[PDB]
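Worksheet for the structure shown next.
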Amino acid sequence: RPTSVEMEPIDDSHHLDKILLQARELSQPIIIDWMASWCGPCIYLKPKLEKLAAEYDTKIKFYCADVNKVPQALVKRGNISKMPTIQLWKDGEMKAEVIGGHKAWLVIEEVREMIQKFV
C-alpha cells in the first residue's frame, strides 16, 4: 500500500457539495478532518490519518477543512465546536463523527470503526 495519502483540503461549500455529489455517484463515503493549523492535536493526528487514508486508497477519499480558513457557514454546517473533529459523510450528509481529543492511535481505530459502519 502507499506509505501515506495526503489529505485534500476543502475550501468552501461549493467544493464540499461537488465532492459529495461525486462520492454519492460512486457509492462512497468521504472523511472530513475539521482541524486548524495552530491545533497541536490536529497536526499530531495528521500522519496517522494519512496512513489510514493509504489503507483506503481508491475506496474512500480523506479531506481536511481548516476551521479558521474556510467560510463560517461551512464550519457551522458541520456543527463543529472541537478540533480535530473527523466526520464521515455519505449520500450527501453527515452520518458520523469522532472527536480526536484523546490518544491519536485510538482515534484512528475509532475512525476505522466509523468507516466500516458506512462503507
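Labels used: A, B, ... for chains in the order of the C-alpha cells, numbers from 1 for residues in each chain, and numbers from 1 for ligands as shown.
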Residues near residue A:9, anyone? I mean within 7 Å using only C-alpha atoms, not counting same-chain ones fewer than 5 positions away, as a tab-separated table (two decimals) with N, CA and C atoms, in the first residue's frame.
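Saved as around.tsv:
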chain	number	residue	atom	x	y	z
A	63	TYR	N	-10.36	14.12	3.35
A	63	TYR	CA	-10.22	15.55	3.15
A	63	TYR	C	-9.98	16.24	4.48
A	64	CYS	N	-9.47	17.44	4.45
A	64	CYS	CA	-9.35	18.26	5.64
A	64	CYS	C	-9.97	19.63	5.40
A	65	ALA	N	-10.47	20.26	6.47
A	65	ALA	CA	-11.07	21.59	6.36
A	65	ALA	C	-10.53	22.39	7.53
Please report as CSV every residue of stretch 10-47 of chain A lying within 12 Å of stretch 94-99 of chain A, along with the nearest atom pair and their distance in Å (one decimal), using only C-alpha atoms.
residue,atom,partner,partner_atom,distance
A:16,CA,A:94,CA,11.6
A:17,CA,A:94,CA,12.0
A:20,CA,A:94,CA,10.2
A:29,CA,A:95,CA,9.3
A:30,CA,A:94,CA,9.6
A:31,CA,A:97,CA,9.3
A:32,CA,A:97,CA,9.3
A:33,CA,A:98,CA,9.4
A:34,CA,A:99,CA,9.6
A:35,CA,A:99,CA,10.6
A:41,CA,A:99,CA,10.8
A:42,CA,A:99,CA,10.5
A:45,CA,A:99,CA,11.3
Output N, CA, C and O atoms of each residue in that selection to a file, as a PDB file, in the first residue's frame.
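Writing the result to part.pdb gives the following:
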ATOM      1  N   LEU A  16     -17.359  21.331  -1.200  1.00  0.00           N
ATOM      2  CA  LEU A  16     -17.976  20.222  -0.493  1.00  0.00           C
ATOM      3  C   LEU A  16     -19.140  19.622  -1.246  1.00  0.00           C
ATOM      4  O   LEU A  16     -19.223  18.397  -1.363  1.00  0.00           O
ATOM      5  N   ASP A  17     -20.049  20.449  -1.757  1.00  0.00           N
ATOM      6  CA  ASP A  17     -21.209  19.876  -2.459  1.00  0.00           C
ATOM      7  C   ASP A  17     -20.816  19.157  -3.739  1.00  0.00           C
ATOM      8  O   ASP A  17     -21.446  18.149  -4.071  1.00  0.00           O
ATOM      9  N   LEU A  20     -19.426  15.820  -2.538  1.00  0.00           N
ATOM     10  CA  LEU A  20     -20.477  14.942  -2.062  1.00  0.00           C
ATOM     11  C   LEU A  20     -21.267  14.340  -3.234  1.00  0.00           C
ATOM     12  O   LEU A  20     -21.654  13.174  -3.170  1.00  0.00           O
ATOM     13  N   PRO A  29     -18.325   6.710   0.899  1.00  0.00           N
ATOM     14  CA  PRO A  29     -18.327   7.759   1.933  1.00  0.00           C
ATOM     15  C   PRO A  29     -17.110   8.649   1.687  1.00  0.00           C
ATOM     16  O   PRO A  29     -16.230   8.326   0.900  1.00  0.00           O
ATOM     17  N   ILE A  30     -17.025   9.763   2.412  1.00  0.00           N
ATOM     18  CA  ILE A  30     -15.809  10.564   2.463  1.00  0.00           C
ATOM     19  C   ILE A  30     -15.516  10.792   3.931  1.00  0.00           C
ATOM     20  O   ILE A  30     -16.431  10.729   4.751  1.00  0.00           O
ATOM     21  N   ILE A  31     -14.271  11.127   4.221  1.00  0.00           N
ATOM     22  CA  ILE A  31     -13.863  11.532   5.567  1.00  0.00           C
ATOM     23  C   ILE A  31     -13.492  12.991   5.503  1.00  0.00           C
ATOM     24  O   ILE A  31     -12.726  13.377   4.622  1.00  0.00           O
ATOM     25  N   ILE A  32     -13.954  13.792   6.463  1.00  0.00           N
ATOM     26  CA  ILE A  32     -13.520  15.176   6.586  1.00  0.00           C
ATOM     27  C   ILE A  32     -12.886  15.346   7.966  1.00  0.00           C
ATOM     28  O   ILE A  32     -13.559  15.169   8.962  1.00  0.00           O
ATOM     29  N   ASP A  33     -11.661  15.772   7.988  1.00  0.00           N
ATOM     30  CA  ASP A  33     -10.933  16.110   9.223  1.00  0.00           C
ATOM     31  C   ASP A  33     -11.037  17.634   9.397  1.00  0.00           C
ATOM     32  O   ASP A  33     -10.355  18.382   8.678  1.00  0.00           O
ATOM     33  N   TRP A  34     -11.904  18.093  10.322  1.00  0.00           N
ATOM     34  CA  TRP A  34     -12.075  19.510  10.618  1.00  0.00           C
ATOM     35  C   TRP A  34     -11.010  19.850  11.624  1.00  0.00           C
ATOM     36  O   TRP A  34     -11.023  19.326  12.720  1.00  0.00           O
ATOM     37  N   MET A  35     -10.106  20.722  11.262  1.00  0.00           N
ATOM     38  CA  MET A  35      -8.906  20.976  12.037  1.00  0.00           C
ATOM     39  C   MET A  35      -8.524  22.452  11.974  1.00  0.00           C
ATOM     40  O   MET A  35      -9.275  23.269  11.434  1.00  0.00           O
ATOM     41  N   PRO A  41      -2.943  18.923  18.616  1.00  0.00           N
ATOM     42  CA  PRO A  41      -3.549  17.589  18.483  1.00  0.00           C
ATOM     43  C   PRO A  41      -3.955  17.300  17.039  1.00  0.00           C
ATOM     44  O   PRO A  41      -3.856  16.167  16.605  1.00  0.00           O
ATOM     45  N   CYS A  42      -4.388  18.327  16.295  1.00  0.00           N
ATOM     46  CA  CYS A  42      -4.749  18.121  14.879  1.00  0.00           C
ATOM     47  C   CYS A  42      -3.538  17.658  14.085  1.00  0.00           C
ATOM     48  O   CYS A  42      -3.616  16.723  13.271  1.00  0.00           O
ATOM     49  N   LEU A  45      -2.291  14.188  14.804  1.00  0.00           N
ATOM     50  CA  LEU A  45      -3.135  13.139  14.248  1.00  0.00           C
ATOM     51  C   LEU A  45      -2.923  12.974  12.757  1.00  0.00           C
ATOM     52  O   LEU A  45      -3.201  11.899  12.223  1.00  0.00           O
TER      53      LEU A  45
END
| query | Just asking: which residues within chain A are alpha helix (DSSP H) according to DSSP, as a ChimeraX atom specification? | reply | /A:13-25,40-55,72-77,104-118
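You will find atom CA of residue A:82 at 13.1 Å from atom CA of residue A:38.
Distances here use only C-alpha atoms; by that measure, the residue among A:37, A:58, A:22, A:72 closest to residue A:84 is A:37.
Residue neighbourhood of residue A:74, excluding near-sequence residues (fewer than 4 positions): residues 12, 13, 70 and 78 of chain A, at 7 Å, using only C-alpha atoms.
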Write to file, as a PDB file, in the first residue's frame, the residues of the selection just made, with N, CA and C atoms.
ATOM      1  N   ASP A  12     -14.478  25.415   0.510  1.00  0.00           N
ATOM      2  CA  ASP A  12     -15.756  26.063   0.766  1.00  0.00           C
ATOM      3  C   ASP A  12     -16.916  25.114   0.479  1.00  0.00           C
ATOM      4  N   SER A  13     -18.162  25.605   0.618  1.00  0.00           N
ATOM      5  CA  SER A  13     -19.365  24.820   0.392  1.00  0.00           C
ATOM      6  C   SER A  13     -19.517  24.395  -1.065  1.00  0.00           C
ATOM      7  N   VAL A  70     -11.777  28.471   6.272  1.00  0.00           N
ATOM      8  CA  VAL A  70     -12.886  28.215   5.360  1.00  0.00           C
ATOM      9  C   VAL A  70     -14.043  29.105   5.802  1.00  0.00           C
ATOM     10  N   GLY A  78     -21.137  21.868   9.407  1.00  0.00           N
ATOM     11  CA  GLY A  78     -20.584  20.666  10.006  1.00  0.00           C
ATOM     12  C   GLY A  78     -20.882  20.540  11.492  1.00  0.00           C
TER      13      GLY A  78
END
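Nearest-residue note for residue A:15: choosing from A:87, A:56, A:112, A:71, the minimum distance belongs to A:71, counting only C-alpha atoms.
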| query | So which one's closest to residue A:88, A:19, A:67, A:119, A:106? Using only C-alpha atoms, please. | reply | A:119
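Among A:116, A:3, A:79, A:85, the residue with the shortest atom-to-atom distance to residue A:36, counting only C-alpha atoms, is A:85.
The residue that comes closest to residue A:8, out of A:62, A:105, A:118, A:89 and on the basis of only C-alpha atoms, is A:62.
The space separating atom CA of residue A:54 from atom CA of residue A:86 comes to 16.3 Å.
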Tell me, which residues of stretch 41-113 of chain A carry DSSP strand (DSSP E), written as a tab-separated table (two decimals) with N, CA, C and O atoms, in the first residue's frame?
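New file out-v4.tsv:
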chain	number	residue	atom	x	y	z
A	61	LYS	N	-11.96	8.70	-0.01
A	61	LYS	CA	-11.07	9.82	-0.03
A	61	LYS	C	-11.21	10.57	1.29
A	61	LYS	O	-12.33	10.76	1.80
A	62	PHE	N	-10.06	11.00	1.80
A	62	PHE	CA	-9.93	11.76	3.03
A	62	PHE	C	-9.62	13.22	2.71
A	62	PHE	O	-8.69	13.53	1.97
A	63	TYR	N	-10.36	14.12	3.35
A	63	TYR	CA	-10.22	15.55	3.15
A	63	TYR	C	-9.98	16.24	4.48
A	63	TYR	O	-10.29	15.67	5.52
A	64	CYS	N	-9.47	17.44	4.45
A	64	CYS	CA	-9.35	18.26	5.64
A	64	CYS	C	-9.97	19.63	5.40
A	64	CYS	O	-10.06	20.08	4.25
A	65	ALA	N	-10.47	20.26	6.47
A	65	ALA	CA	-11.07	21.59	6.36
A	65	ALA	C	-10.53	22.39	7.53
A	65	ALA	O	-10.70	21.97	8.67
A	66	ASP	N	-9.85	23.49	7.25
A	66	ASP	CA	-9.26	24.30	8.30
A	66	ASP	C	-10.37	25.25	8.79
A	66	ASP	O	-10.76	26.14	8.05
A	85	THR	N	-12.18	17.25	14.58
A	85	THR	CA	-13.43	16.51	14.51
A	85	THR	C	-13.38	15.79	13.18
A	85	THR	O	-13.21	16.43	12.15
A	86	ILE	N	-13.41	14.44	13.21
A	86	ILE	CA	-13.33	13.65	11.99
A	86	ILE	C	-14.71	13.14	11.68
A	86	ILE	O	-15.26	12.38	12.47
A	87	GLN	N	-15.29	13.54	10.55
A	87	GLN	CA	-16.65	13.16	10.20
A	87	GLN	C	-16.67	12.27	8.98
A	87	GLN	O	-15.82	12.40	8.08
A	88	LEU	N	-17.67	11.39	8.94
A	88	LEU	CA	-17.92	10.59	7.78
A	88	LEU	C	-19.18	11.12	7.15
A	88	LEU	O	-20.21	11.23	7.81
A	89	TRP	N	-19.13	11.40	5.84
A	89	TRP	CA	-20.28	11.85	5.10
A	89	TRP	C	-20.59	10.83	4.02
A	89	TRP	O	-19.68	10.25	3.43
A	90	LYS	N	-21.86	10.58	3.82
A	90	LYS	CA	-22.31	9.61	2.83
A	90	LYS	C	-23.69	10.04	2.33
A	90	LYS	O	-24.46	10.62	3.08
A	93	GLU	N	-24.78	13.61	3.17
A	93	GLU	CA	-24.97	14.13	4.52
A	93	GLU	C	-23.98	13.59	5.53
A	93	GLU	O	-23.32	12.59	5.31
A	94	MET	N	-23.92	14.27	6.66
A	94	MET	CA	-23.04	13.93	7.76
A	94	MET	C	-23.70	12.74	8.44
A	94	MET	O	-24.85	12.85	8.87
A	95	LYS	N	-22.99	11.60	8.51
A	95	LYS	CA	-23.51	10.38	9.14
A	95	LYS	C	-22.93	10.08	10.49
A	95	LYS	O	-23.60	9.47	11.32
A	96	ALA	N	-21.66	10.38	10.71
A	96	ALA	CA	-21.00	10.00	11.95
A	96	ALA	C	-19.81	10.87	12.22
A	96	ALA	O	-19.29	11.53	11.30
A	97	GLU	N	-19.33	10.87	13.46
A	97	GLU	CA	-18.15	11.64	13.78
A	97	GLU	C	-17.41	11.08	14.94
A	97	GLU	O	-17.98	10.33	15.75
A	98	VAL	N	-16.11	11.38	14.96
A	98	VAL	CA	-15.16	11.07	16.00
A	98	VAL	C	-14.50	12.37	16.43
A	98	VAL	O	-13.93	13.05	15.58
A	99	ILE	N	-14.46	12.69	17.74
A	99	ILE	CA	-13.70	13.85	18.21
A	99	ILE	C	-12.33	13.34	18.59
A	99	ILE	O	-12.22	12.39	19.38
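As for atom CA of residue A:107 and atom CA of residue A:40, they are spaced 14.7 Å apart.
Taking only C-alpha atoms into account, residue A:53 lies nearest to A:1 out of the set A:117, A:1, A:102, A:14.
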Near residue A:50, within 6 Å and counting only C-alpha atoms, which residues show up once chain neighbours fewer than 2 positions away are dropped, as a compact mmCIF listing (two decimals) with C-alpha atoms, in the first residue's frame?
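Contents of part21.txt, freshly written:
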# COMPACT_ATOMS: atom_id res chain seq x y z
CA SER A 4 0.86 7.80 3.13
CA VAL A 5 -2.00 9.55 1.22
CA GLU A 6 -2.12 13.31 1.84
CA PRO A 47 0.37 11.37 9.94
CA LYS A 48 -1.75 8.53 11.33
CA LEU A 52 -5.19 5.27 7.40
CA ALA A 53 -6.03 7.10 4.10
